file my_file35.pdb (PDB, C-alpha atoms and all ligand atoms)
ATOM      1  CA  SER A  42      54.131 -85.671 -32.786
ATOM      2  CA  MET A  43      52.628 -88.142 -35.242
ATOM      3  CA  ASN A  44      49.260 -88.831 -36.836
ATOM      4  CA  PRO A  45      47.936 -92.403 -37.087
ATOM      5  CA  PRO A  46      47.457 -93.915 -40.510
ATOM      6  CA  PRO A  47      44.104 -92.724 -41.876
ATOM      7  CA  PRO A  48      41.118 -95.096 -41.788
ATOM      8  CA  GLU A  49      40.996 -97.674 -44.575
ATOM      9  CA  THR A  50      38.946 -96.748 -47.660
ATOM     10  CA  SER A  51      39.408-100.091 -49.463
ATOM     11  CA  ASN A  52      39.491-103.576 -47.963
ATOM     12  CA  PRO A  53      39.626-106.766 -50.040
ATOM     13  CA  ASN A  54      38.816-108.745 -46.859
ATOM     14  CA  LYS A  55      35.543-106.903 -46.084
ATOM     15  CA  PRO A  56      32.275-107.795 -47.823
ATOM     16  CA  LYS A  57      30.755-105.000 -49.883
ATOM     17  CA  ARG A  58      27.917-104.255 -52.271
ATOM     18  CA  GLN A  59      26.284-101.421 -54.160
ATOM     19  CA  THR A  60      22.782-100.431 -53.014
ATOM     20  CA  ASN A  61      20.394 -97.600 -53.895
ATOM     21  CA  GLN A  62      20.674 -96.325 -50.299
ATOM     22  CA  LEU A  63      24.455 -96.117 -50.507
ATOM     23  CA  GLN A  64      24.231 -94.259 -53.837
ATOM     24  CA  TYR A  65      21.782 -91.924 -52.078
ATOM     25  CA  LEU A  66      24.278 -91.382 -49.269
ATOM     26  CA  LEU A  67      27.057 -90.655 -51.777
ATOM     27  CA  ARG A  68      25.044 -87.988 -53.553
ATOM     28  CA  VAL A  69      24.058 -86.610 -50.139
ATOM     29  CA  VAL A  70      27.755 -86.154 -49.364
ATOM     30  CA  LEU A  71      28.653 -84.773 -52.814
ATOM     31  CA  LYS A  72      25.602 -82.589 -53.441
ATOM     32  CA  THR A  73      24.273 -81.584 -49.992
ATOM     33  CA  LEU A  74      26.844 -81.727 -47.154
ATOM     34  CA  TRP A  75      30.300 -81.113 -48.599
ATOM     35  CA  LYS A  76      29.525 -77.694 -50.085
ATOM     36  CA  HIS A  77      28.888 -75.881 -46.785
ATOM     37  CA  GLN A  78      31.640 -73.912 -45.077
ATOM     38  CA  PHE A  79      30.800 -75.620 -41.801
ATOM     39  CA  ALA A  80      32.011 -78.870 -43.408
ATOM     40  CA  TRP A  81      35.656 -77.845 -43.792
ATOM     41  CA  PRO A  82      37.032 -79.283 -40.496
ATOM     42  CA  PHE A  83      35.372 -82.613 -41.314
ATOM     43  CA  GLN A  84      36.575 -83.028 -44.916
ATOM     44  CA  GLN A  85      39.789 -84.839 -43.914
ATOM     45  CA  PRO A  86      41.303 -86.732 -40.948
ATOM     46  CA  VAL A  87      42.248 -84.578 -37.958
ATOM     47  CA  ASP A  88      45.883 -83.464 -38.378
ATOM     48  CA  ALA A  89      46.818 -83.356 -34.725
ATOM     49  CA  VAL A  90      50.391 -82.352 -35.575
ATOM     50  CA  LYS A  91      49.393 -79.226 -37.531
ATOM     51  CA  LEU A  92      46.702 -78.320 -34.970
ATOM     52  CA  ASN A  93      49.161 -78.803 -32.080
ATOM     53  CA  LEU A  94      46.743 -81.152 -30.292
ATOM     54  CA  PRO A  95      49.029 -83.953 -29.079
ATOM     55  CA  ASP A  96      46.205 -85.252 -26.915
ATOM     56  CA  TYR A  97      43.792 -85.763 -29.832
ATOM     57  CA  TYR A  98      44.532 -89.412 -30.596
ATOM     58  CA  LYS A  99      44.894 -90.119 -26.883
ATOM     59  CA  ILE A 100      41.264 -89.027 -26.359
ATOM     60  CA  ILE A 101      39.832 -90.178 -29.702
ATOM     61  CA  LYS A 102      40.551 -93.829 -30.482
ATOM     62  CA  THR A 103      37.961 -94.222 -33.247
ATOM     63  CA  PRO A 104      38.628 -91.304 -35.583
ATOM     64  CA  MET A 105      36.375 -90.706 -38.563
ATOM     65  CA  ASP A 106      35.884 -87.925 -41.094
ATOM     66  CA  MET A 107      33.796 -87.105 -44.190
ATOM     67  CA  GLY A 108      36.783 -87.382 -46.533
ATOM     68  CA  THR A 109      37.126 -91.013 -45.469
ATOM     69  CA  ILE A 110      33.367 -91.554 -45.727
ATOM     70  CA  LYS A 111      33.230 -90.008 -49.218
ATOM     71  CA  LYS A 112      36.004 -92.311 -50.428
ATOM     72  CA  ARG A 113      34.360 -95.358 -48.851
ATOM     73  CA  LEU A 114      31.103 -94.482 -50.661
ATOM     74  CA  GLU A 115      32.921 -93.835 -53.976
ATOM     75  CA  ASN A 116      34.819 -97.114 -53.622
ATOM     76  CA  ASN A 117      31.753 -99.204 -52.684
ATOM     77  CA  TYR A 118      33.409-100.172 -49.360
ATOM     78  CA  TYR A 119      30.200-100.634 -47.386
ATOM     79  CA  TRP A 120      27.807-103.571 -47.130
ATOM     80  CA  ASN A 121      24.840-101.447 -46.082
ATOM     81  CA  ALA A 122      23.680 -97.930 -45.214
ATOM     82  CA  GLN A 123      23.887 -98.669 -41.460
ATOM     83  CA  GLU A 124      27.646 -98.962 -41.702
ATOM     84  CA  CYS A 125      27.892 -95.557 -43.365
ATOM     85  CA  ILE A 126      25.462 -93.878 -40.979
ATOM     86  CA  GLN A 127      27.487 -95.364 -38.076
ATOM     87  CA  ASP A 128      30.616 -93.710 -39.519
ATOM     88  CA  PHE A 129      28.853 -90.334 -39.588
ATOM     89  CA  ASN A 130      27.730 -90.799 -36.016
ATOM     90  CA  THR A 131      31.267 -91.696 -34.940
ATOM     91  CA  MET A 132      32.534 -88.481 -36.538
ATOM     92  CA  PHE A 133      29.937 -86.370 -34.746
ATOM     93  CA  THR A 134      30.380 -88.121 -31.400
ATOM     94  CA  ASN A 135      34.164 -87.647 -31.552
ATOM     95  CA  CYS A 136      33.678 -83.924 -31.984
ATOM     96  CA  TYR A 137      31.226 -83.745 -29.070
ATOM     97  CA  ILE A 138      33.514 -85.801 -26.790
ATOM     98  CA  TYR A 139      36.709 -83.922 -27.575
ATOM     99  CA  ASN A 140      35.437 -80.316 -27.589
ATOM    100  CA  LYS A 141      33.653 -78.208 -24.991
ATOM    101  CA  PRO A 142      29.929 -77.686 -25.598
ATOM    102  CA  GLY A 143      29.368 -74.333 -27.273
ATOM    103  CA  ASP A 144      32.761 -74.318 -29.032
ATOM    104  CA  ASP A 145      32.507 -73.129 -32.630
ATOM    105  CA  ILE A 146      33.597 -76.565 -33.894
ATOM    106  CA  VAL A 147      30.671 -78.125 -32.002
ATOM    107  CA  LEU A 148      28.268 -75.621 -33.597
ATOM    108  CA  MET A 149      29.672 -76.517 -37.036
ATOM    109  CA  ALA A 150      29.280 -80.236 -36.311
ATOM    110  CA  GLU A 151      25.703 -79.616 -35.171
ATOM    111  CA  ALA A 152      24.892 -77.750 -38.404
ATOM    112  CA  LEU A 153      26.301 -80.644 -40.416
ATOM    113  CA  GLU A 154      24.434 -83.192 -38.297
ATOM    114  CA  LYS A 155      21.125 -81.303 -38.644
ATOM    115  CA  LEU A 156      21.398 -81.487 -42.418
ATOM    116  CA  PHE A 157      22.503 -85.126 -42.238
ATOM    117  CA  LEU A 158      19.528 -86.105 -40.079
ATOM    118  CA  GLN A 159      17.162 -84.344 -42.505
ATOM    119  CA  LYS A 160      18.551 -86.452 -45.341
ATOM    120  CA  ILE A 161      18.531 -89.827 -43.566
ATOM    121  CA  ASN A 162      14.896 -89.193 -42.630
ATOM    122  CA  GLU A 163      14.306 -89.399 -46.394
ATOM    123  CA  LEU A 164      16.496 -92.512 -46.939
ATOM    124  CA  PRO A 165      14.893 -94.538 -49.773
ATOM    125  CA  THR A 166      13.643 -98.092 -49.126
ATOM    126  CA  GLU A 167      16.385-100.527 -50.136
ATOM    127  CA  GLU A 168      16.050-102.108 -53.573
TER     128      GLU A 168
HETATM  129  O1  LIG B 201      44.696-107.903 -49.469
HETATM  130  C1  LIG B 201      44.495-108.260 -48.316
HETATM  131  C2  LIG B 201      43.545-109.418 -48.078
HETATM  132 CL1  LIG B 201      43.154-110.286 -49.607
HETATM  133  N1  LIG B 201      45.114-107.694 -47.260
HETATM  134  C3  LIG B 201      44.589-106.746 -46.426
HETATM  135  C4  LIG B 201      43.218-106.616 -46.251
HETATM  136  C5  LIG B 201      42.693-105.654 -45.393
HETATM  137  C6  LIG B 201      43.524-104.801 -44.680
HETATM  138  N2  LIG B 201      42.975-103.834 -43.815
HETATM  139  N3  LIG B 201      43.682-102.914 -43.367
HETATM  140  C7  LIG B 201      43.175-101.930 -42.496
HETATM  141  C8  LIG B 201      43.982-100.862 -42.120
HETATM  142  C9  LIG B 201      43.515 -99.873 -41.262
HETATM  143  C10 LIG B 201      42.225 -99.949 -40.760
HETATM  144  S1  LIG B 201      41.670 -98.815 -39.774
HETATM  145  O2  LIG B 201      42.867 -97.807 -39.297
HETATM  146  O3  LIG B 201      41.084 -99.405 -38.607
HETATM  147  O4  LIG B 201      40.638 -98.102 -40.483
HETATM  148  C11 LIG B 201      41.411-101.010 -41.138
HETATM  149  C12 LIG B 201      41.883-102.005 -41.994
HETATM  150  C13 LIG B 201      44.901-104.929 -44.842
HETATM  151  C14 LIG B 201      45.425-105.896 -45.703
HETATM  152  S2  LIG B 201      47.009-105.999 -45.857
HETATM  153  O5  LIG B 201      47.613-105.861 -44.558
HETATM  154  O6  LIG B 201      47.465-104.958 -46.736
HETATM  155  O7  LIG B 201      47.397-107.457 -46.487
HETATM  156  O1  LIG B 202      21.168-100.424 -44.284
HETATM  157  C1  LIG B 202      20.003-100.639 -44.581
HETATM  158  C2  LIG B 202      19.797-101.695 -45.644
HETATM  159 CL1  LIG B 202      18.080-102.149 -45.841
HETATM  160  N1  LIG B 202      18.907-100.022 -44.076
HETATM  161  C3  LIG B 202      18.875 -99.012 -43.151
HETATM  162  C4  LIG B 202      20.047 -98.537 -42.554
HETATM  163  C5  LIG B 202      20.035 -97.513 -41.616
HETATM  164  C6  LIG B 202      18.835 -96.920 -41.256
HETATM  165  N2  LIG B 202      18.839 -95.902 -40.274
HETATM  166  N3  LIG B 202      17.980 -94.998 -40.246
HETATM  167  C7  LIG B 202      17.979 -94.017 -39.228
HETATM  168  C8  LIG B 202      16.929 -93.108 -39.165
HETATM  169  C9  LIG B 202      16.891 -92.140 -38.161
HETATM  170  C10 LIG B 202      17.890 -92.045 -37.194
HETATM  171  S1  LIG B 202      17.777 -90.908 -36.047
HETATM  172  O2  LIG B 202      17.178 -89.723 -36.585
HETATM  173  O3  LIG B 202      19.241 -90.575 -35.445
HETATM  174  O4  LIG B 202      16.969 -91.492 -35.002
HETATM  175  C11 LIG B 202      18.935 -92.967 -37.247
HETATM  176  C12 LIG B 202      18.980 -93.944 -38.253
HETATM  177  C13 LIG B 202      17.645 -97.400 -41.823
HETATM  178  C14 LIG B 202      17.646 -98.431 -42.779
HETATM  179  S2  LIG B 202      16.235 -98.929 -43.414
HETATM  180  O5  LIG B 202      15.148 -98.401 -42.628
HETATM  181  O6  LIG B 202      16.246-100.547 -43.303
HETATM  182  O7  LIG B 202      16.147 -98.537 -44.791
HETATM  183  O1  LIG B 203      32.524 -81.201 -18.675
HETATM  184  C1  LIG B 203      32.000 -80.319 -19.344
HETATM  185  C2  LIG B 203      32.315 -80.201 -20.823
HETATM  186 CL1  LIG B 203      34.083 -80.163 -21.131
HETATM  187  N1  LIG B 203      31.136 -79.443 -18.818
HETATM  188  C3  LIG B 203      30.759 -78.308 -19.461
HETATM  189  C4  LIG B 203      29.553 -78.294 -20.163
HETATM  190  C5  LIG B 203      29.133 -77.146 -20.834
HETATM  191  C6  LIG B 203      29.932 -76.003 -20.811
HETATM  192  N2  LIG B 203      29.535 -74.816 -21.445
HETATM  193  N3  LIG B 203      28.832 -74.827 -22.458
HETATM  194  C7  LIG B 203      28.407 -73.624 -23.042
HETATM  195  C8  LIG B 203      27.701 -73.678 -24.234
HETATM  196  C9  LIG B 203      27.241 -72.515 -24.832
HETATM  197  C10 LIG B 203      27.473 -71.281 -24.237
HETATM  198  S1  LIG B 203      26.916 -69.964 -24.954
HETATM  199  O2  LIG B 203      27.417 -69.885 -26.299
HETATM  200  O3  LIG B 203      27.369 -68.635 -24.119
HETATM  201  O4  LIG B 203      25.481 -70.030 -24.983
HETATM  202  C11 LIG B 203      28.171 -71.221 -23.032
HETATM  203  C12 LIG B 203      28.633 -72.392 -22.431
HETATM  204  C13 LIG B 203      31.117 -76.015 -20.096
HETATM  205  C14 LIG B 203      31.544 -77.157 -19.432
HETATM  206  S2  LIG B 203      32.933 -77.057 -18.641
HETATM  207  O5  LIG B 203      33.546 -75.796 -18.973
HETATM  208  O6  LIG B 203      33.826 -78.118 -19.001
HETATM  209  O7  LIG B 203      32.621 -77.090 -17.037
HETATM  210  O1  LIG B 204      25.763 -80.984 -28.455
HETATM  211  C1  LIG B 204      25.811 -80.138 -27.570
HETATM  212  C2  LIG B 204      27.051 -80.117 -26.703
HETATM  213 CL1  LIG B 204      27.892 -81.688 -26.887
HETATM  214  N1  LIG B 204      24.827 -79.243 -27.340
HETATM  215  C3  LIG B 204      24.849 -78.372 -26.292
HETATM  216  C4  LIG B 204      24.354 -78.815 -25.063
HETATM  217  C5  LIG B 204      24.356 -77.970 -23.956
HETATM  218  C6  LIG B 204      24.848 -76.672 -24.063
HETATM  219  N2  LIG B 204      24.831 -75.837 -22.923
HETATM  220  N3  LIG B 204      24.896 -74.601 -23.047
HETATM  221  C7  LIG B 204      24.867 -73.726 -21.939
HETATM  222  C8  LIG B 204      24.752 -72.360 -22.172
HETATM  223  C9  LIG B 204      24.713 -71.444 -21.118
HETATM  224  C10 LIG B 204      24.788 -71.875 -19.795
HETATM  225  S1  LIG B 204      24.745 -70.788 -18.598
HETATM  226  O2  LIG B 204      24.854 -69.299 -19.257
HETATM  227  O3  LIG B 204      25.861 -71.019 -17.728
HETATM  228  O4  LIG B 204      23.526 -70.922 -17.852
HETATM  229  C11 LIG B 204      24.904 -73.250 -19.556
HETATM  230  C12 LIG B 204      24.941 -74.170 -20.616
HETATM  231  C13 LIG B 204      25.344 -76.226 -25.292
HETATM  232  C14 LIG B 204      25.347 -77.068 -26.420
HETATM  233  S2  LIG B 204      25.941 -76.494 -27.813
HETATM  234  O5  LIG B 204      26.226 -75.097 -27.627
HETATM  235  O6  LIG B 204      24.874 -76.625 -29.028
HETATM  236  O7  LIG B 204      27.141 -77.207 -28.138
HETATM  237  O1  LIG B 205      43.284 -80.983 -42.652
HETATM  238  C1  LIG B 205      43.529 -81.823 -41.799
HETATM  239  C2  LIG B 205      44.589 -82.873 -42.165
HETATM  240 CL1  LIG B 205      44.247 -84.508 -42.850
HETATM  241  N1  LIG B 205      42.938 -81.769 -40.583
HETATM  242  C3  LIG B 205      42.292 -80.747 -39.916
HETATM  243  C4  LIG B 205      41.119 -81.095 -39.221
HETATM  244  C5  LIG B 205      40.383 -80.183 -38.468
HETATM  245  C6  LIG B 205      40.843 -78.871 -38.389
HETATM  246  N2  LIG B 205      40.202 -77.888 -37.612
HETATM  247  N3  LIG B 205      39.562 -78.212 -36.589
HETATM  248  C7  LIG B 205      38.972 -77.199 -35.789
HETATM  249  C8  LIG B 205      38.796 -77.411 -34.421
HETATM  250  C9  LIG B 205      38.236 -76.412 -33.621
HETATM  251  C10 LIG B 205      37.822 -75.184 -34.152
HETATM  252  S1  LIG B 205      37.175 -74.025 -33.195
HETATM  253  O2  LIG B 205      36.393 -74.630 -32.148
HETATM  254  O3  LIG B 205      36.299 -73.048 -34.118
HETATM  255  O4  LIG B 205      38.282 -73.273 -32.668
HETATM  256  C11 LIG B 205      38.000 -74.983 -35.528
HETATM  257  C12 LIG B 205      38.568 -75.978 -36.337
HETATM  258  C13 LIG B 205      42.019 -78.517 -39.059
HETATM  259  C14 LIG B 205      42.763 -79.424 -39.831
HETATM  260  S2  LIG B 205      44.117 -78.855 -40.537
HETATM  261  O5  LIG B 205      44.150 -77.410 -40.467
HETATM  262  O6  LIG B 205      44.109 -79.245 -42.105
HETATM  263  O7  LIG B 205      45.250 -79.379 -39.834
END

call {"tool": "encode", "arguments": {"input": "my_file35.pdb", "output": "structure tokens"}}
result
Amino acid sequence: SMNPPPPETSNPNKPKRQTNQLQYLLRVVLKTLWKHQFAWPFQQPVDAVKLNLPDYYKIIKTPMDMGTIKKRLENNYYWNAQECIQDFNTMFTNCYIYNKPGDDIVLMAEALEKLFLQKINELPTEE
């Protein structure tokens, strides 16, 4: 079995800029989300080889993870906060599509998402 290449975290072809909202999202990742135990399955791309889930990248064609998101934020990859929020929602949706409701991984994703939603409710107005 083989993993796909991980999502890009730099792209000289893709427009980008620094904004106060994206700095907010970076510190949300670094200072609020990452530190919880429930984050550990989401801190890196799914290793379908190690997990013995050969179906994973058959089912999930838009993989995303918080390790990728953190790097994108650190690297100023995004043009706006909507792009970053979309990446979080892709990560959560993948988990909910792939796993049975009630599975521990779904509960972990829901804990992470609850915290995430609390923070994006307080997203600062863009400067
Ligand atoms: O230096 C430039 C343009 Cl000035 N080239 C470039 C620019 C962007 C690029 N993007 N590559 C990827 C690779 C993977 C994904 S992903 O798996 O969908 O996340 C996205 C973009 C690849 C390349 S390149 O193939 O390495 O030339
Ligand atoms: O990217 C920018 C650059 Cl100005 N802005 C942005 C980007 C995303 C955004 N999304 N906010 C939310 C708020 C709540 C949910 S909800 O709880 O899942 O309904 C989703 C997105 C709000 C905004 S904003 O309201 O325009 O600041
Ligand atoms: O097509 C699906 C998802 Cl793959 N239907 C589904 C939907 C929900 C489900 N069971 N969910 C739960 C969730 C929580 C508990 S609990 O921890 O005992 O409260 C039990 C079942 C099982 C299934 S099912 O096992 O696949 O029929
Ligand atoms: O995000 C999701 C799944 Cl994608 N929420 C969800 C949605 C429905 C759900 N259903 N749980 C149950 C629990 C018990 C029964 S019963 O004992 O068979 O009546 C059915 C569904 C469990 C959950 S979950 O346990 O929080 O995953
Ligand atoms: O570290 C990587 C490689 Cl870039 N990926 C990864 C990604 C997720 C993961 N664990 N995922 C799950 C899935 C389901 C459950 S369960 O529902 O509680 O059984 C737990 C962890 C394990 C791993 S792994 O152990 O490191 O292979």

call {"tool": "closest_residue", "arguments": {"input": "my_file35.pdb", "among": "A:147, A:110, A:164, A:136", "to": "residue 70 of chain A", "atoms": "only C-alpha atoms"}}
result
A:110

call {"tool": "residues_around", "arguments": {"input": "my_file35.pdb", "residues": "segment 79-84 of chain A", "least_positions_apart": "5", "cutoff": "10 Å", "atoms": "all atoms listed in the file", "output": "number ranges by chain"}}
result
A: 74, 105-111, 132-133, 136, 145-146, 148-153

call {"tool": "axis_aligned_box", "arguments": {"input": "my_file35.pdb", "around": "ligand LIG 205 (chain B)", "padding_each_side": "5 Å", "output": "AutoDock Vina command-line options"}}
result
--center_x 40.8 --center_y -78.8 --center_z -37.5 --size_x 19.0 --size_y 21.5 --size_z 20.7

call {"tool": "closest_atom_pairs", "arguments": {"input": "my_file35.pdb", "of": "chain A", "to": "ligand LIG 202 (chain B)", "cutoff": "6 Å", "atoms": "all atoms listed in the file", "output": "CSV"}}
result
residue,atom,partner,partner_atom,distance
A:121,CA,B:LIG202,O1,4.2
A:122,CA,B:LIG202,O1,3.7
A:123,CA,B:LIG202,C4,4.0
A:158,CA,B:LIG202,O2,5.6
A:161,CA,B:LIG202,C8,5.7
A:162,CA,B:LIG202,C8,5.6
A:166,CA,B:LIG202,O7,5.0
A:167,CA,B:LIG202,CL1,4.9

call {"tool": "closest_residue", "arguments": {"input": "my_file35.pdb", "among": "A:100, A:89, A:67, A:94", "to": "residue 115 of chain A", "atoms": "all atoms listed in the file"}}
result
A:67

call {"tool": "residues_near_ligand", "arguments": {"input": "my_file35.pdb", "ligand": "ligand LIG 204 (chain B)", "cutoff": "8 Å", "atoms": "all atoms listed in the file", "output": "VMD selection string"}}
result
chain A and resid 137 to 138 140 to 144 147 to 148 151

call {"tool": "atom_distance", "arguments": {"input": "my_file35.pdb", "atom1": "atom CA of residue 76 of chain A", "atom2": "atom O4 of ligand LIG 203 (chain B)"}}
result
26.6 Å

call {"tool": "atom_distance", "arguments": {"input": "my_file35.pdb", "atom1": "atom CA of residue 126 of chain A", "atom2": "atom CA of residue 113 of chain A"}}
result
12.0 Å

call {"tool": "residues_near_ligand", "arguments": {"input": "my_file35.pdb", "ligand": "ligand LIG 201 (chain B)", "cutoff": "7 Å", "atoms": "all atoms listed in the file", "output": "PyMOL selection string"}}
result
chain A and resi 46-49+52-54

call {"tool": "write_last_selection", "arguments": {"input": "my_file35.pdb", "atoms": "C-alpha atoms", "output": "short mmCIF file (atom, residue, chain, number, x, y, z; two decimals), in the coordinates of the input"}}
result
data_model
loop_
_atom_site.label_atom_id
_atom_site.label_comp_id
_atom_site.auth_asym_id
_atom_site.auth_seq_id
_atom_site.Cartn_x
_atom_site.Cartn_y
_atom_site.Cartn_z
CA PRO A 46 47.46 -93.92 -40.51
CA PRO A 47 44.10 -92.72 -41.88
CA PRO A 48 41.12 -95.10 -41.79
CA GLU A 49 41.00 -97.67 -44.58
CA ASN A 52 39.49 -103.58 -47.96
CA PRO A 53 39.63 -106.77 -50.04
CA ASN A 54 38.82 -108.74 -46.86
#

call {"tool": "atom_distance", "arguments": {"input": "my_file35.pdb", "atom1": "atom CA of residue 66 of chain A", "atom2": "atom CA of residue 125 of chain A"}}
result
8.1 Å

call {"tool": "closest_residue", "arguments": {"input": "my_file35.pdb", "among": "A:69, A:63, A:87, A:43", "to": "ligand LIG 205 (chain B)", "atoms": "only C-alpha atoms and all ligand atoms"}}
result
A:87

call {"tool": "closest_residue", "arguments": {"input": "my_file35.pdb", "among": "A:139, A:73, A:116, A:56", "to": "residue 98 of chain A", "atoms": "all atoms listed in the file"}}
result
A:139

call {"tool": "closest_residue", "arguments": {"input": "my_file35.pdb", "among": "A:131, A:50, A:44, A:61", "to": "ligand LIG 205 (chain B)", "atoms": "all atoms listed in the file"}}
result
A:44

call {"tool": "closest_residue", "arguments": {"input": "my_file35.pdb", "among": "A:130, A:159, A:60, A:135", "to": "ligand LIG 205 (chain B)", "atoms": "all atoms listed in the file"}}
result
A:135
